[PDB]
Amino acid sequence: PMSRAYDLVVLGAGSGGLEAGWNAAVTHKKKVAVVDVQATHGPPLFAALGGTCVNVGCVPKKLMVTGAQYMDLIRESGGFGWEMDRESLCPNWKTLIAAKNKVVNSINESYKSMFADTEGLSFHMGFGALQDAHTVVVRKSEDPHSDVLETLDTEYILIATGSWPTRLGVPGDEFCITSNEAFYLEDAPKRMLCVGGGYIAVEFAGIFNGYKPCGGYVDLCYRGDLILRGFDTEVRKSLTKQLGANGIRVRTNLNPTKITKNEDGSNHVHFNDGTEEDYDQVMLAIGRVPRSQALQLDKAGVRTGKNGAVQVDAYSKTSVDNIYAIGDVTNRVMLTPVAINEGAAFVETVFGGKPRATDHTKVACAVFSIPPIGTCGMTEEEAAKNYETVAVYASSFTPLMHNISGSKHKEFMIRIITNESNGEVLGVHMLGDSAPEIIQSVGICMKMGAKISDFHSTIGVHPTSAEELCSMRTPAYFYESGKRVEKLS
């Protein structure tokens, strides 16, 4: 019974939005309108058709991490007897950026193919904004007195506008770059300062390190004690050391007070401890907050709260019953396959009839550091609060192939966290090469409620780094009533 122009309007053609949009349009034959600000990546808006992940997140970030490993792998080759010229070896950053752009640009092109070819699914380039719970407006600019391009009469609204990097707010904030501007840099920087301790800081530390032009260096500088908060505490310490030996100088309890410009265009940076220093480029990876701040949410009566977060029930529904919100705008788990799920399960809830919420517990996570981390489930810290008796299994070995390659800093590390009672696996925490591949399969096991029994009853694959999961039988130590004990009562 056609009353409105569109069944669904989606603010943001991101990981969350596109999954919701596409499903609604092809599997339930709804008429869908998807709003985004631009159709291909790049400044000054960065995000585009495909979302943060495709244009300025996971996909480019990984392409450039893969680049920066070639440094560590061309060093490693010498031991296996690859003689070749190690004077004529610095990486050309322009060839990396050009290649990365060709790729992201191909994905943006393959999405316009999707819209023109898919029926009932339209793309509306501009700036989303609510008037009431059934009308979405598209402007030229986010300035609310801009020319209005379209008025989208609709039944349901899905807010999936994602998040945006937080600024430092000090004298000199406007001289620093972000995850956004890092991707379209013209030159790889000789002297680089990565402020922050989050996964993005550490991934980008490894890139700029890999692509430093000759006599260059990278300083990571984090305002706390130990990088990567709410990761396993021995994995963080082991990475902090391994970044050290790949060339990255890590500093802690350290915060920029001030950045002035310089003569040759470098950045003078004043710190906590008094210290000043010059860096070519300075990058802020200090958390990412929701983009609610220009959607005129207050106008159509949807609940805001912690940093603009769209306040939502388990089934992704806002304080207005026809308006829903998914992905980073909601501020739950800020990963791409989470948003995809939340959006897939929004379509099943609303249009599909088959109502479902998203599972947020024991989701497998990965850091594309050098070396990388895989993690799934809980730290031993938050285990020993929520569980009576906790076993901690732990194992750290160095692949023999590193006794050849020279890379003897590269410790591979596994930790398993247990409920003593029934032996259930609560957490798994890996560091070292191939950890992101291995954890994906572990994430399946912990969904089926795997016990430590099930790991060490499994015949191994020899020789592998993963075969050390099934050789962990004795707990290293325990927690009873959340206090660390040598051995169990």
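Throughout, rigid core stands for the largest set of C-alpha atoms superposing within 1.5 Å between the two forms. Residue indices: 1-based, along the sequence shown.
Averaged as a root mean square over residues and superposed structures in 4 other deposited structures of this protein, CA distances to the shown form are larger in 84-92; the pair compared was 372-380 and 84-92 with a core fit. Legend: mean Cα B-factor per stretch from the PDB entry, 316-324 versus 254-262; the higher mean is in 254-262. The question of which stretch, 84-92 or 377-385, has the higher mean Cα B factor is settled in favour of 84-92. In the deposited coordinates, the residue among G206, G406, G196, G301 with the greatest CA B-factor is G301.
The entry assigns its greatest Cα B factor, within the set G128, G247, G210, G169, to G169. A357: CA B factor in the highest third of modelled residues in this chain (values from the PDB entry).
Sort the chain's modelled residues by C-alpha temperature factor and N108 lands in the lowest third, per the entry. When the CA B factors of the chain's modelled residues are split into thirds, the value for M472 lands in the highest one. When the modelled residues of the chain are ordered by C-alpha B-factor, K31 sits in the middle third. The deposited CA B-factor of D232 belongs to the middle third of values across its chain.
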